[PDB]
Structure formats: structure tokens, C-alpha cells
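Chemist: coordinates only, sequence not included:
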Ligand SMILES: C[C@@H](NC(=O)CCCP(=O)(O)Oc1ccc([N+](=O)[O-])cc1)C(=O)O
Ligand SMILES: [Zn+2]
Ligand SMILES: [Zn+2]
Ligand SMILES: [Zn+2]
Ligand SMILES: [Zn+2]
Ligand SMILES: [Zn+2]
Ligand SMILES: [Zn+2]
Ligand SMILES: [Zn+2]
């Protein structure tokens, strides 16, 4: 089972630099080219560079010479991409991929991709979120089924992890994308259950914000 | 650099119907060895991109043959013979014939399903929040279709445009509907000075606005 694991989200100050990692397993690391791709604001892909770990040979897209530096550690099967002097345009999600094109066969083998690493370039301060339970009053939807909610607001930077009842409750859950306003993000999630389940059995909202080491559980009480 | 143009930007297709996406290049993609390095990738919501086709028409392993690709020179086409729910996502054509490799802008494929009316739930501020001096009124508009919807907040009869924060989910791969959250934030002081809080929506499924509100008082 071929896998590529990338490092977690990064908050970087303008003008500094970061080294992203792409740890692979399940295949002979030295025999395949590893490519790095950039994704800005949803749909908008750009090819950065490629490296053949076996020899250290790299090819760069002109736009990225000086911006990106690719390296590979054969002993740990890890590919690295260092981004230098970060600015506005560098905020994006970066993917590494064992693309699969075999130059000598002029054909391809399956492409495997990492999960992506989000890089946020900002000088705004890290702020822990405030988690608020949303119990119905009019958002009861009458009888039959009732929907509860969880409001996570005033945090920086992304991401935040929100689960219901530690992951047990996954059906009928809607988690909305965070929206930035005044240097802070707001996020919300709704859960619809039947009138019989709640209030009878408890529903709890679990929130985690790694950047600030905040972990909070809020029970939805009537 | 080679400019790759994709059309349409978005396509709405019902399950079981065919779909085709176009990709045009500013240079011929015929490489000097006689091969044409044109690939098609699919990026599903919340997933990394995945290659569906290579060399214009060759399918990658594990890709359903309902997907086919064709074209040559500067014009290429990806066709899906019969659309399934799993086809939801953004399709991209990417060329590797000229350096540097360049991508098309993407085509979003969305599942056209029957009209669905939003289920609306409104929530007053929690005690927790009021204690801190803030007050957010939340309105969830769940499982509707089409995505086109307009929400307005009205406090005691007049529209409130400031302090509103909206967010939409992408299309759900289980029922093909969309969901939206709307949060109105005020100070605790101003919240306790008003009475009626109304979340009002406009949607194709109704000739009159879809309403959800509450009156704050005491007891
Ligand atoms: C002249 C030249 N081109 C080639 O050798 C052919 C490469 C074709 P490939 O599909 O691998 O290009 C891609 C397309 C896309 C991506 N990608 O999206 O990661 C990677 C590679 C060269 O590189 O010297
Ligand atoms: Zn092939
Ligand atoms: Zn060329
Ligand atoms: Zn040439
Ligand atoms: Zn008034
Ligand atoms: Zn008045
Ligand atoms: Zn008023
Ligand atoms: Zn009044």
C-alpha cells in the first residue's frame, strides 16, 4: 500500500521560510519522480518542480526558482520542499505526488498523492476559540427530528477540528467552512437527530484547535 | 507558457445522463516523439486530485470506462457516458508536452436533482456568549436545491445588513443538496434592546419568503 504523508498546516510570518515534508512508504522511494503542485483559492493548480530521489536531480518551473528548493532524504524516504521569503502569493495548499510517469516506458504507473499542506502567510496573532452550544427554541423543527448546533468563533489560524459525541455521531452532521472576519475565523456545525434521542441522551460538541492547544467539549443542554 | 482553456466553468447534469468537458491549448500538444501528453484529473470535494486519463485517451487503472477522452493538437474532450453521484468534483486537463506543465482552470460538475425546500432552524445567543458581552443569532438552512438562495436578517421589521457572516457547504454526495449557515452578531446590549429576530430566505421552491423567527422576552 503506497502512501505519502505530508506535514500539518503552517502559519508563517511574512519574509520567513518553511520546510514542508512528504514522507513516503510502500514503494522504492529512489525509483520514482516526486512532483510538487500548488493550489490557490479552490480551483487554481500550478506545477512547481520534480525531483528524482535516486540522484537528487531536480527540474523547476521558472516562476519558482529561488522560491522553492526540493531535497530528498533517501534514508527516511522523505521528500522536502523549502519555500523562502514568504509573501501573499505563497499562501496555498501544497501537494506532493508520486506522479507515475516513467520516462523510459513513455507510459504511466498509478499516481499517489499526499493529503496536502496548507500554508498561511500572516502576522496576525494566534487566538483560541470560544465554543458556544446552540440549543433549540424555534430551531426545534417541531417534533419528529430536532437540530442542534455548535458555534466556534474568534479563532486564528485555521484549522479547527469539530466532531459530535467524539465521532460516534456522524450522520446528519453539517460542518460549515470557516469564514474570516477581522483577523478571526468563525465556524459552525449542525446536527439533526430525532425527538426521541435528544434531550434524552446527550449530544456533545468536541472542538480542537492545535495552533493554540485548545481542546473543548460542550454539551448541548436544553 | 501554454495557456489551457476549459469550458464550461460548471455543468449541472442529472444522474444517468452524459457530460462532456472541453479543453483547448495555446500550442499543439503533439510532442516531438509523436506522443500527446494530455492528462485529465478529478479533484473530489476534500480530496487530493487524482489522474483519470493519460496520453489523451488512455484510462488509468481503476478508472471506470464510463469515462473516455479524445482529441488531438489543441482540442481535447473528456466525456462521461452516464453520470453517477461519485463523479461530483472539479475536472482539470493538464499538459506535459511543453515545459513548464500547465493546468486548465477546472470545470465543476454538479449533480442536478429535484428542487428541495430548505429546512430552517434559528438559535438565540447562548447564556455563555451573553456573559462575555456578545450575542450571535444563528440560522441554519439545510438540504436545499438549487444552491441559489438569498438570506436577509430583519430585527423588529427592518433589515440588518451589518454583522452578518454566511457560509455554504459544497454539494453533498449523499443527497445532492446544499446547506448554509447565517450568523448575525451584535453586542449583548443591543440584543436586549430588540424583540423579534427573523431569518428570511428567498428560494425557487416558494413564491413567498421562507421565514423563521423568535421573540426574546422574559420567563
Ligand atoms: C519535455 C518534457 N516533458 C515530458 O518529458 C513529458 C511529461 C509528461 P507528464 O504527463 O509526466 O507531465 C506532467 C503533467 C502534470 C504533472 N502534475 O500535475 O503533477 C506532472 C507531470 C520535460 O519534462 O522535460
Ligand atoms: Zn498507459
Ligand atoms: Zn514547447
Ligand atoms: Zn519545443
Ligand atoms: Zn427599531
Ligand atoms: Zn422601535
Ligand atoms: Zn428593535
Ligand atoms: Zn424597539
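Modeler: Thanks, I have the structure now. Numbering: from 1, shown residues only, chains lettered A, B, ... in the order given. Ligands and ions are numbered 1, 2, ... in the order given.
Chemist: can you list the residues of chain A near ligand 2?
Modeler: Residues of chain A lying close to ligand 2 by Cβ under 5 Å from the ion are residue A:107. For the C-beta atoms, the positions are set from N, CA and C on the backbone; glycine is no exception.
Chemist: Can you pull the domain assignment for chain A?
Modeler: A:1-123, A:124-222 (curated CATH domains).
Chemist: Save these as CSV, and put in mean neighbour count and distance to residue B:211 too.
Modeler: Output for those, formatted as CSV (neighbours: other Cβ atoms under 10 Å in any protein chain shown; distance: least, Cβ to Cβ, whole Å):
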stretch, mean neighbour count, distance to residue B:211
domain A:1-123, 17, 32
domain A:124-222, 17, 10
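Chemist: ok now do the residue of chain A positioned farthest from its centre, which residues does it touch?
Modeler: Largest separation from the mean C-alpha position in chain A: residue A:143, at 37.5 Å (Cα atoms, centre = their mean). Neighbouring residues of residue A:143 by Cβ atoms under 8 Å, 6 or more residues apart in numbering or on different chains: residue A:195.
Chemist: at 10 Å what do you get?
Modeler: When contacts are counted by Cβ atoms under 10 Å, 6 or more residues apart in numbering or on different chains, residue A:143 touches A:194, A:195, A:196.
Chemist: Smallest gap between chain B and chain A, at which residue?
Modeler: Chain A sits closest to residue B:121 of chain B, with a gap of 3.0 Å, by Cβ to the nearest Cβ.
Chemist: State the distance from the closest residue to that residue other than its chain neighbours to residue B:140.
Modeler: Excluding the flanking residues, the one nearest residue B:121 by Cβ to Cβ, 6 or more residues apart in numbering or on different chains is residue A:139, at 3.0 Å. Using Cβ to Cβ, to the nearest Å, residue A:139 is found at 7 Å from residue B:140.
Chemist: ok, now residue A:172?
Modeler: Distance, residue A:172 to residue B:140, by Cβ to Cβ: 12 Å.
Chemist: three-state assignment of residue A:166?
Modeler: Using DSSP: H, G, I helix; E, B strand; the rest coil, the structure places residue A:166 in helix.
Chemist: What sits closest to it if chain neighbours are left out?
Modeler: Among residues not flanking residue A:166 along the chain, residue A:206 sits closest, at 5.8 Å (Cβ to Cβ, 6+ apart).
Chemist: Which other helices and strands does the longest helix seen in chain B contact?
Modeler: As assigned by DSSP state H, the longest helix anywhere in chain B is helix B:127-132. In terms of contacts (3 or more Cβ pairs under 10 Å, 6 or more residues apart in numbering or on different chains; DSSP states H and E), helix B:127-132 is packed against strand A:130-134, strand A:145-155, strand B:134-144, helix B:188-191.
Chemist: List the neighbouring strands of the second one plus their orientation.
Modeler: Strand partners for strand A:145-155, identified by DSSP bridges, are recorded as strand A:130-134 (antiparallel), strand A:184-194 (antiparallel).
Chemist: With distance to ligand 1 as extra columns, can I get the ones you listed in TSV?
Modeler: Converted to TSV, the strands paired with strand A:145-155 look like this (distance: least, Cβ to the nearest ligand atom, whole Å):
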stretch	distance to ligand 1
strand A:130-134	39
strand A:184-194	30
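Chemist: Quick one: closest of the ones you listed to residue A:97.
Modeler: strand A:184-194 (28.7 Å; Cβ to Cβ).
Chemist: Please name the nearest non-neighbouring residue to the residue of chain A found nearest ligand 1.
Modeler: Of all residues in chain A, the one sitting closest to ligand 1 is residue A:101 (3.3 Å; Cβ to the nearest ligand atom). Nearest-residue entry for residue A:101: residue A:108, 5.2 Å, with adjacent residues in sequence omitted and distances by Cβ to Cβ, 6+ apart.
Chemist: now swap in residue B:15 and tell me
Modeler: Residue B:15 sits nearest to residue B:83 (Cβ to Cβ, 6+ apart), 5.7 Å away.
Chemist: That neighbour and residue B:17 touch, don't they?
Modeler: Yes: assessed by Cβ atoms under 10 Å, residue B:83 is found in contact with residue B:17 at 5.7 Å.
Chemist: which one of these two has more residues nearby?
Modeler: residue B:83 (20 against 11; other Cβ atoms under 10 Å in any protein chain shown).
Chemist: Where does the residue in chain A that ligand 7 sits nearest to fall, secondary structure wise?
Modeler: Across chain A, the shortest distance to ligand 7 (Cβ to the ion) belongs to residue A:138, at 17.6 Å. Under the criterion DSSP states H and E, no helix or strand holds residue A:138.
Chemist: check contacts around residue 209.
Modeler: Looking at chain A here, since you left the chain open. By Cβ under 10 Å, 6+ apart, the residues touching residue A:209 are A:126-129, A:131, A:152, A:155-162, A:185, A:215-216.
Chemist: ah, I was thinking of chain B
Modeler: Residues in contact with residue B:209 (Cβ under 10 Å, 6+ apart) are B:150, B:151, B:152, B:154, B:198, B:200, B:201, B:202, B:203.
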